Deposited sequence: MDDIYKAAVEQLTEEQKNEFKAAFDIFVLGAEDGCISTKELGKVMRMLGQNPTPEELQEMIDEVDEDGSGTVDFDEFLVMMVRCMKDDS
């Protein structure tokens, strides 16, 4: 696990991590694929109750990505988005 991320992910409970995994898993054929598309990224975040804007998703992809998102990248993007609630 990349150390920078390791600390973003420390904001999440084991229960949150499991929930987020369950949502993410809807959007991949896990028996052969580890990544969702950038199009699916907003869909999984919205499944989880987040509302990222289109320009935010691109900004996060630019800053977080290591057209695809794996599970740990997705966790970091969820942690970022959870901090913009009002």
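- Item | Chain regions without C-alpha coordinates, deposited sequence numbering | According to the record, the single gap falls at 67-69.
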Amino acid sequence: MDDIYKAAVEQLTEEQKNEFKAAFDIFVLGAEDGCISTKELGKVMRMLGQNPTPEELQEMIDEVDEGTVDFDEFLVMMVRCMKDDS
From here on, numbers count along this sequence of modelled residues.
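- Mean C-alpha B-factor higher for 23-31, or for 44-52? Higher mean C-alpha B-factor: 23-31.
- Query: Which has higher Cα B-factors on average according to the PDB entry: 3-11 or 77-85?
  - Reply: Mean CA B-factor is higher for 3-11.
- Mind checking which third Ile61 falls in for C-alpha B-factor across the chain? Within its chain, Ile61 is a highest-third residue by C-alpha B-factor, going by the deposited values.
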